[PDB]
Protein chains: 2
Amino acid sequence: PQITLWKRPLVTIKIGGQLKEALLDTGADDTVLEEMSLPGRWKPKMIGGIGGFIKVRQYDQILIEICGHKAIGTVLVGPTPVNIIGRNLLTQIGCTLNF
Amino acid sequence: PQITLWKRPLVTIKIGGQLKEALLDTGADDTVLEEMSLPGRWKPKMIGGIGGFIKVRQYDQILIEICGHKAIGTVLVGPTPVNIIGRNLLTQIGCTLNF
Ligand SMILES: Cc1cccc(C)c1OCC(=O)N[C@@H](Cc1ccccc1)[C@@H](O)C[C@H](Cc1ccccc1)NC(=O)[C@H](C(C)C)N1CCCNC1=O
Ligand SMILES: [Cl-]
Ligand SMILES: [Cl-]
Ligand SMILES: [Cl-]
Ligand SMILES: [Cl-]
């Protein structure tokens, strides 16, 4: 697709068999979803946003589908206000900015 | 240009007679810059996201140049950790996401 930016670039993702809404975010280095269960072990990470840093759980090698495009990569889980698809998965699905 | 997302999409902007580096941020509704002076009237605003809320000054009808593309819009100024070009100005330069 080509997605314009007059509204938030929200898309449907699928993770753990569940559909969620998430923001395609070129300003985010990594992908972070609101609290949920994922398989396997997790490692600690902090990420910084507009108001400061939060602690999240880092899960690696997770299956996630973004607008129908299958990806496998790192997904953070924590106290984010919105589900965010960051550059790590945007690059996987072939996303670029164009003007 | 076509900008890939292996690295942060940082570009040079020109604003208030100054050159600065800023992030092209599809996950931002608004444009927010680190402390600087801008001309004209402003009103206070709170923005919140990851890590909570900051207070900013909202300036309207501000001229900016982003990668050689001119635009006008609202610019927020305050203690953001990074200069952010949000959708309100990304639309004006015809910036889209593509995959
Ligand atoms: C930088 C980073 C590293 C690792 C992982 C992640 C997810 C990372 O990104 C975290 C992050 O908050 N990035 C922001 C820009 C960023 C990068 C680096 C440091 C600080 C910020 C931005 O892109 C997304 C984030 C999304 C959001 C969150 C809560 C509510 C609404 C939107 N958007 C916002 O905060 C914007 C701001 C910038 C005007 N925003 C907040 C007011 C309401 N609407 C809105 O759009
Ligand atoms: Cl749109
Ligand atoms: Cl990854
Ligand atoms: Cl605007
Ligand atoms: Cl358009």
Side-chain angles (χ1 to χ4, degrees), chain A residues 1-11 13 21-34 44-59 73-91 95 97-99, chain B residues 5 7-10 15 21-34 38 40 42-43 45-64 66 69-98:
Chain A
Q2 171 163 111
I3 295 177
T4 56
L5 294 172
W6 307 96
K7 305 178 296 86
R8 290 184 177 182
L10 300 173
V11 299
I13 62 163
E21 182 172 80
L23 182 64
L24 300 184
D25 186 0
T26 59
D29 303 335
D30 314 301
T31 291
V32 59
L33 307 179
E34 299 161 36
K45 182 135 177 160
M46 299 190 76
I47 60 178
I50 196 59
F53 287 82
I54 65 164
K55 293 190 179 199
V56 300
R57 302 197 311 278
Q58 180 177 326
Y59 297 85
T74 299
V75 172
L76 318 178
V77 173
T80 178
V82 301
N83 299 320
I84 292 159
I85 302 308
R87 298 183 296 97
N88 73 308
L89 304 176
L90 296 172
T91 69
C95 199
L97 283 167
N98 298 77
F99 57 98
Chain B
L5 294 166
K7 311 293 173 325
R8 292 169 172 158
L10 296 161
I15 184 171
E21 186 181 66
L23 182 72
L24 303 181
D25 187 6
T26 59
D29 300 334
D30 313 306
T31 292
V32 198
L33 302 177
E34 299 175 351
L38 283 172
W42 59 270
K43 55 190 173 185
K45 189 181 175 66
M46 298 292 296
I47 56 179
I50 287 175
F53 288 70
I54 62 167
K55 188 173 178 176
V56 296
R57 303 187 313 277
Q58 177 185 331
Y59 298 83
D60 302 318
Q61 302 183 305
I62 296 297
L63 300 150
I64 196 157
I66 299 157
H69 293 250
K70 290 181 176 201
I72 194 165
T74 294
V75 171
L76 309 181
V77 177
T80 178
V82 315
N83 293 320
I84 292 162
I85 305 308
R87 294 188 293 99
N88 73 308
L89 298 175
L90 295 175
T91 56
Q92 301 297 285
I93 70 168
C95 183
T96 59
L97 294 158
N98 295 266

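In what follows, chains are A, B, ... by sequence order, proteins preceding strands, each numbered from 1. Basis for what follows: all heavy atoms, side chains included, without hydrogens, waters or symmetry-related copies. Every number for a ligand or one of its atoms is a count from 1 in the order of the listing.
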Numbered atoms of ligand 1 (with element) below 4.0 Å of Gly27(A), judged on heavy atoms: 1 (C), 9 (O), 13 (N), 15 (C), 17 (C), 23 (O)
Least distance between heavy atoms, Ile3(A) atom then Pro9(A) atom: CG2-CB, 4.1 Å
Nitrogen or oxygen of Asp30(B) less than 3.5 angstrom from that of ligand 1: no
Smallest separation among heavy atoms of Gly51(A) and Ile54(B), with atom names: CA-CG2, 4.2 Å
For atom 20 (C) of ligand 1, closest protein heavy-atom neighbour: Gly49(A) C, 3.3 Å
Contact (N/O only, under 3.5 Å) between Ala28(B) and ligand 1: no
4.0 Å heavy-atom contact, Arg8(A) with ligand 1: yes
For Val32(B), the ligand 1 atoms whose distance to one of its heavy atoms is below 4.0 Å: 39 (C)
Part of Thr26(A) with heavy atoms under 4.0 Å of ligand 1, whether side chain, backbone, both or neither: neither
Ligand 1 contact by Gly48(B), heavy-atom criterion under 4.0 angstrom: yes
Validation row: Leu38(B), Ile15(B) side chains within 4.5 angstrom (heavy atoms): yes
Cationic N near anionic O, under 4.0 Å, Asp30(B) to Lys45(B): no
Per-atom contacts, ligand 1 versus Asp29(B) - under 4.0 Å to a heavy atom: 43 (C), 44 (N), 45 (C), 46 (O)
Over 12 non-hydrogen atoms of neighbours within 6.0 angstrom of CZ in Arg57(B): yes
Heavy atom of protein inside 4.0 Å of atom 33 (N) of ligand 1, strictly below: yes
Top protein contact for atom 28 (C) of ligand 1, by heavy-atom distance: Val82(A) CG2, 3.7 Å
Any donor-acceptor N/O pair, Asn88(A) side chain to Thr74(A) backbone, under 3.5 Å: yes
Closest non-hydrogen atom pair between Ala22(B) and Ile85(B), with its separation: CB-CG1, 3.7 Å
Residue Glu34(B) excluded, over 12 heavy atoms near CD under 6.0 Å: yes
Parallel, tilted or perpendicular: ring planes of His69(B) versus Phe99(A), cut at 30 and 60 degrees: perpendicular
Shortest reach to atom 22 (C) of ligand 1 by a heavy atom, considering only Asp25(B), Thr80(A), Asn83(A), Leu76(B): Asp25(B)
Option set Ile84(B), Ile50(B), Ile54(B), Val56(A), criterion heavy-atom distance to atom 16 (C) of ligand 1, minimum: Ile84(B)
